Amino acid sequence: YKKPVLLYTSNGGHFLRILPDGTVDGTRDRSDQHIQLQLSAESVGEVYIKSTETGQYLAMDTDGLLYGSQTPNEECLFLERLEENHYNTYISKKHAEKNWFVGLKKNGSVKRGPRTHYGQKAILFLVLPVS
């Protein structure tokens, strides 16, 4: 959590991106300004995910859609969970009982919460600290 990180999924080989207009998607461009993220932990295993460039927070709405919020609240808290020792997954804490994950489709668009589950490539992120 000390360094900014990139979150990479092998589903379509995308980095999680929070665009300045509040749109969330994926890009293969590792030099994109808006894929530089900062994780911060409330409690152990509970994180905010923030754009280092814009300060916006990752959030998930009641339809399971990801978007960027200028400031955080309970809709921005995610449960960070280890899978297969090397990947992290992120579950909406607000919708933890719906098992709604942060995920990206192969085409780089957001995979909505309702369509996600453990073990999907879409939700498996490699956390890459920035040098």
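Rules used throughout
Residues numbered from 1 in each chain as written, not as in the entry; some residues may be left out. Heavy atoms only, no water. UniProt positions renumbered as here; feature names shortened; annotations may be inferred. Buried < 20%, exposed > 50% of the residue type's maximum accessible area, 1.4 Å probe, protein only. Helix = DSSP H or I, 4+ residues; strand = E, 2+ residues; numbered from the N terminus. Pairing = 2+ DSSP bridges. Core = buried A, V, L, I, M, F, W, Y, C linked by side-chain atoms within 4.5 Å. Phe/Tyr/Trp six-rings, centres within 6.5 Å; stacked < 30°, edge-to-face > 60°. Salt bridge = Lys/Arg side-chain N within 4 Å of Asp/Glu carboxyl O. Patch = residues over 30% accessible without salt bridge, like charges linked within 9 Å, V, L, I, M, F, W, Y side chains within 5 Å. Areas by Shrake-Rupley, 256 points an atom, 1.4 Å probe, with all protein chains shown as cover.

Identification of the chain as Fibroblast growth factor 1 from Homo sapiens is taken from the PDB entry. The Sequence similarities field of the UniProt record for the chain holds the comment "Belongs to the heparin-binding growth factors family."

## With respect to the pairing of strand 3 (residues 24-27)
In the case of a regular strand, side chains alternate between the two sheet surfaces. Residues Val24 and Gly26 of strand 3 are buried on one face, and the alternating residues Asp25 and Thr27, pointing to the opposite face, are buried as well. Across 4 bridges, strand 2 (residues 14-18) lies against strand 3 in antiparallel orientation. Looking at the pairing, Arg17 lines up with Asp25 of strand 3. If you look at the hairpin formed by strand 2 and strand 3, you'll find 5 residues sitting between the two strands, and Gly22 has a positive phi there, around 90 degrees.

## Focus: the nonpolar core
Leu16, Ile49, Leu58, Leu66, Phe78, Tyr90 and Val102 are the most contacted members of the largest nonpolar core, which totals 19 residues. Where this core is concerned, the elements lending two or more residues are strand 1 (5-9), strand 2, strand 4 (37-41), strand 5 (46-51) and strand 6 (57-60).

## Describing the packing of aromatic side chains
Working definition: an aromatic ring pair is given by the centre-to-centre distance plus the angle between the planes. Overall, the coordinates contain 3 aromatic pairs when judged by the stated rule. Note on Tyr48 and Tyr57: the rings are 5.5 Å apart at their centroids and 85 degrees apart in plane angle, and the pair reads as edge-to-face. For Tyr48, a relative accessible area of 15% translates into the label buried. Judged by relative accessible area, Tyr57 falls into the buried class, the value being 14%. Between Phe101 and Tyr118 the ring centres are 4.7 Å apart and the planes differ by 75 degrees, which places this aromatic pair in the edge-to-face class. Of the two residues, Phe101 sits in the loop between strand 9 (87-92) and strand 10 (125-129) while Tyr118 sits in the loop between strand 9 and strand 10, which places them 17 residues apart along the sequence.

## Concerning the UniProt feature "binding site: heparin" in the chain
When the UniProt feature table is mapped onto this chain, "binding site: heparin" is found at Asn11. Secondary-structure assignment places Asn11 in the loop between strand 1 and strand 2. Residue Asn11 is classed as buried on the basis of its relative accessible area of 12%.

## Topic: unusual backbone geometry
Positive phi outside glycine occurs at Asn85, with the angle close to 70 degrees. Relative to the assigned elements, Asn85 resides in the loop between strand 8 (78-83) and strand 9. Of note, the phi angle at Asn99 is positive, near 55 degrees, even though the residue is not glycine. Residue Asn99 is classed as partly exposed on the basis of its relative accessible area of 45%.

## Here's the deal with the pattern of salt bridges
The tally for this structure, following the rule as stated, stands at 5 salt bridges. Across the pair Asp32 and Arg17 runs a salt bridge, and its minimum N-O distance is 2.9 Å. One end of the pair, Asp32, is in the loop between strand 3 and strand 4; the other, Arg17, is in strand 2, and 15 residues separate them in sequence. Owing to a relative accessible area of 15%, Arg17 belongs among the buried residues under this scheme.

## Some words on a nonpolar patch on the surface
A contiguous nonpolar surface patch, about 210 Å² in accessible area, is contributed by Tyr87, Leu126 and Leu128. Its location among the elements puts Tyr87 in strand 9.

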